[PDB]
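Trainee: partial complex here, more coming in a sec:
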Amino acid sequence: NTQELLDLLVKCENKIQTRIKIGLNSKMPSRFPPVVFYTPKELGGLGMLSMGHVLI
């Protein structure tokens, strides 16, 4: 029901992804393929539980 919390969650998800991006490379990319984060931990990926409208 809280809309501001939905916006905040999406912003913070983007912030986490962007910090991973900056750690991985100095220059900020275009269309970093999301399967890097959301892939389960046992399958190599980081395992981000998502609360946003990200389209594969």
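Mentor: Received it, and whenever you're ready, just let me know what you need. Numbers count the residues shown, from 1 in each chain, chains lettered A, B, ... in the order given.
Trainee: drop to CA atoms for contacts and neighbour counts, all remaining ones
Mentor: Fine.
Trainee: select the longest helix from chain A.
Mentor: Taking DSSP state H as the criterion, chain A has its longest helix at helix A:3-24.
Trainee: please save the CA atoms from it in PDB.
Mentor: Once non-C-alpha atoms are left out, helix A:3-24 reads as follows in PDB (Å, rounded to 0.1, in the frame of the first residue of the first chain):
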ATOM      1  CA  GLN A   3       3.900   3.900  -2.600                       C
ATOM      2  CA  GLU A   4       6.800   5.800  -1.200                       C
ATOM      3  CA  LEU A   5       8.300   2.600   0.100                       C
ATOM      4  CA  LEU A   6       8.000   1.000  -3.400                       C
ATOM      5  CA  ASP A   7       9.900   3.900  -4.900                       C
ATOM      6  CA  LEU A   8      12.500   3.800  -2.100                       C
ATOM      7  CA  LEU A   9      13.000   0.000  -2.600                       C
ATOM      8  CA  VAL A  10      13.500   0.400  -6.400                       C
ATOM      9  CA  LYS A  11      16.000   3.300  -5.800                       C
ATOM     10  CA  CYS A  12      17.900   1.300  -3.200                       C
ATOM     11  CA  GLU A  13      18.000  -1.800  -5.500                       C
ATOM     12  CA  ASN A  14      19.500   0.400  -8.300                       C
ATOM     13  CA  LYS A  15      22.000   1.900  -5.800                       C
ATOM     14  CA  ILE A  16      23.200  -1.600  -4.900                       C
ATOM     15  CA  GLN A  17      23.500  -2.600  -8.500                       C
ATOM     16  CA  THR A  18      25.400   0.600  -9.300                       C
ATOM     17  CA  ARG A  19      27.800   0.000  -6.400                       C
ATOM     18  CA  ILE A  20      28.400  -3.500  -7.700                       C
ATOM     19  CA  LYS A  21      29.000  -1.900 -11.200                       C
ATOM     20  CA  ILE A  22      31.500   0.600  -9.900                       C
ATOM     21  CA  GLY A  23      33.400  -2.000  -7.900                       C
ATOM     22  CA  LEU A  24      33.500  -4.200 -11.000                       C
END
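Trainee: and it, what's buried?
Mentor: A:10, A:13, A:17 (16 or more other C-alpha atoms under 10 Å).
Trainee: next, the contact list for the residue lying closest to the first one once chain neighbours are set aside, please.
Mentor: Looking back up the chat, that one is residue A:10. Nearest non-adjacent residue to residue A:10, counting by C-alpha to C-alpha, 6 or more residues apart in numbering: residue A:52, 5.7 Å away. Shown here is residue A:52, whose contacts under the criterion C-alpha atoms under 8 Å, 6 or more residues apart in numbering are A:6, A:9-10.
Trainee: could you rerun that using 10 Å?
Mentor: A:6-7, A:9-11, A:13-14 (C-alpha atoms under 10 Å, 6 or more residues apart in numbering).
Trainee: to the structure above, add chain B:
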Amino acid sequence: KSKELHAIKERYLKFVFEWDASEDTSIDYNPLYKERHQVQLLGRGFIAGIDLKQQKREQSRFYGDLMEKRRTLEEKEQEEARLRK
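Mentor: If we add chain B to the chains shown above, we get the following:
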């Protein structure tokens, strides 16, 4: 009508070269503030820049008939003489 009630309720309760068309005003609900009445300037004044013949074709034709009514036959023939000139 629906947009009017919504207006009342609202009131009371990267290098971008081109401008974003969401920056635009003038989208009213009132038909008096969208379809304004255009000045005719007695049918003798016109707008700057635009092609004169286009304005003369597109004008409201009110004053043409009001001449045709009020003008006497002598003034009618003088106006026709200037028209043919």
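Trainee: same as before for the contacts of residue A:52, with chain B this time.
Mentor: By C-alpha atoms under 10 Å, 6 or more residues apart in numbering or on different chains, residue A:52 lies in contact with A:6-7, A:9-11, A:13-14.
Trainee: which SS state does residue A:56 fall under?
Mentor: coil (DSSP: H, G, I helix; E, B strand; the rest coil).
Trainee: chain neighbours aside, what residue packs nearest to it?
Mentor: Take residue A:56 and drop its neighbours on the chain: the residue closest to it by C-alpha to C-alpha, 6 or more residues apart in numbering or on different chains is residue A:34, 7.4 Å away.
Trainee: so who does the residue positioned nearest the centre of chain A touch?
Mentor: For chain A, the residue nearest the mean C-alpha position is residue A:17 (3.9 Å; C-alpha atoms, centre = their mean). Residue A:17 makes contact with A:11, A:23, A:32, A:34, A:36-37, A:48, according to C-alpha under 10 Å, 6+ apart.
Trainee: my guess is residue B:1 contacts residue B:29. True?
Mentor: Yes: with contact defined as C-alpha atoms under 10 Å, residue B:1 reaches residue B:29; the gap is 7.9 Å.
Trainee: burial check on the residue nearest to residue A:56, number of neighbours?
Mentor: For residue A:34, the count of nearby residues is 12 (other C-alpha atoms under 10 Å in any protein chain shown).
Trainee: which ones are touching it?
Mentor: Residue A:34 makes contact with A:17, A:54-56, according to C-alpha under 10 Å, 6+ apart.
Trainee: now do residue A:9
Mentor: Residue A:9 makes contacts with A:3, A:15, A:50-52, as judged by C-alpha under 10 Å, 6+ apart.
Trainee: out of those residues, which one sits closest to residue A:42?
Mentor: residue A:50 (17.4 Å; C-alpha to C-alpha).
Trainee: how near is that closest one to residue A:17?
Mentor: 11 Å (C-alpha to C-alpha, to the nearest Å).
Trainee: any common contacting residues for these two?
Mentor: With C-alpha under 10 Å, 6+ apart as the test, residue A:50 and residue A:17 both reach residue A:37.
Trainee: ok, back up a step: in ChimeraX, select just the buried ones from the contacts of residue A:34.
Mentor: Selection of buried members from the contacts of residue A:34 for ChimeraX, criterion 16 or more other C-alpha atoms under 10 Å in any protein chain shown:
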select /A:17
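Trainee: make CSV out of the contacts of residue A:34 and add distance to residue A:43.
Mentor: As requested, those are exported to CSV (distance: C-alpha to C-alpha, whole Å):
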residue, distance to residue A:43
A:17, 19
A:54, 20
A:55, 21
A:56, 18
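Trainee: and for residue A:25, the neighbour number?
Mentor: As a burial measure, residue A:25 scores 10 neighbours (other C-alpha under 10 Å).
Trainee: a markdown table for the contacts of residue A:17, including distance to residue B:67 and secondary structure?
Mentor: A markdown table is the format used below for those (distance: C-alpha to C-alpha, whole Å; DSSP: H, G, I helix; E, B strand; the rest coil):
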| residue | distance to residue B:67 | secondary structure |
| --- | --- | --- |
| A:11 | 68 | helix |
| A:23 | 81 | helix |
| A:32 | 72 | coil |
| A:34 | 74 | coil |
| A:36 | 79 | helix |
| A:37 | 79 | helix |
| A:48 | 80 | coil |
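Trainee: ok, now chain C:
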Amino acid sequence: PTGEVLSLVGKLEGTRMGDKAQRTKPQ
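Mentor: Next up, chain C placed on what we already have:
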């Protein structure tokens, strides 16, 4: 298709809070 998440506000009309919520069986 950018990889940034989108605000879920307005894109949840077709789902309920529990749709796809499953309970595990006894082990």
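Trainee: once more on the contacts of residue A:17, this time with chain C?
Mentor: Counted by C-alpha under 10 Å, 6+ apart, residue A:17 has contacts A:11, A:23, A:32, A:34, A:36-37, A:48, C:3-5.
Trainee: and stretch B:34-54, how far apart are its ends?
Mentor: Termini of stretch B:34-54 sit 22 Å apart (C-alpha to C-alpha).
Trainee: residues contacting it, please?
Mentor: Stretch B:34-54 has contacts (C-alpha under 10 Å, 6+ apart) with B:26-28, B:55-56, B:58-64.
Trainee: of those, closest to chain C?
Mentor: Closest to chain C out of those is residue B:27 (24.3 Å), distances taken as C-alpha to the nearest C-alpha.
Trainee: pull the number of nearby residues for that closest one.
Mentor: Neighbours of residue B:27 using other C-alpha under 10 Å come to 8.
Trainee: hmm, residue B:33 and it touching each other?
Mentor: Yes: counting by C-alpha under 10 Å, residue B:33 is a contact partner of residue B:27 at 8.9 Å.
Trainee: got a list of what residue A:30 touches?
Mentor: Applying C-alpha under 10 Å, 6+ apart, the residues contacting residue A:30 are C:2-3.
Trainee: whoops, I mixed them up, residue A:29
Mentor: A:18, A:21-22.
Trainee: next, it: phi, psi?
Mentor: phi -90, psi -170 (degrees, to the nearest 10).
Trainee: restrict the contacts of residue A:29 to those near chain C?
Mentor: For chain C, the contacts drawn from the contacts of residue A:29 by C-alpha under 10 Å from any C-alpha of the partner chain are residue A:18.
Trainee: up against chain A, what does chain C have?
Mentor: Residues of chain C lying close to chain A by C-alpha under 10 Å from any C-alpha are C:1-12.
Trainee: can you turn the buried subset of these into a selection I can paste into PyMOL?
Mentor: Selection command for PyMOL covering only the buried members of these, criterion 16+ other C-alpha under 10 Å:
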select buried, chain C and resi 3+4+5+6+7+8+9
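Trainee: any chance of the residues of chain C next to chain A in JSON lines, plus secondary structure?
Mentor: Listed next are the residues of chain C next to chain A as JSON lines, based on three-state DSSP:
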{"residue": "C:1", "secondary structure": "coil"}
{"residue": "C:2", "secondary structure": "coil"}
{"residue": "C:3", "secondary structure": "coil"}
{"residue": "C:4", "secondary structure": "coil"}
{"residue": "C:5", "secondary structure": "coil"}
{"residue": "C:6", "secondary structure": "coil"}
{"residue": "C:7", "secondary structure": "coil"}
{"residue": "C:8", "secondary structure": "coil"}
{"residue": "C:9", "secondary structure": "coil"}
{"residue": "C:10", "secondary structure": "coil"}
{"residue": "C:11", "secondary structure": "coil"}
{"residue": "C:12", "secondary structure": "coil"}
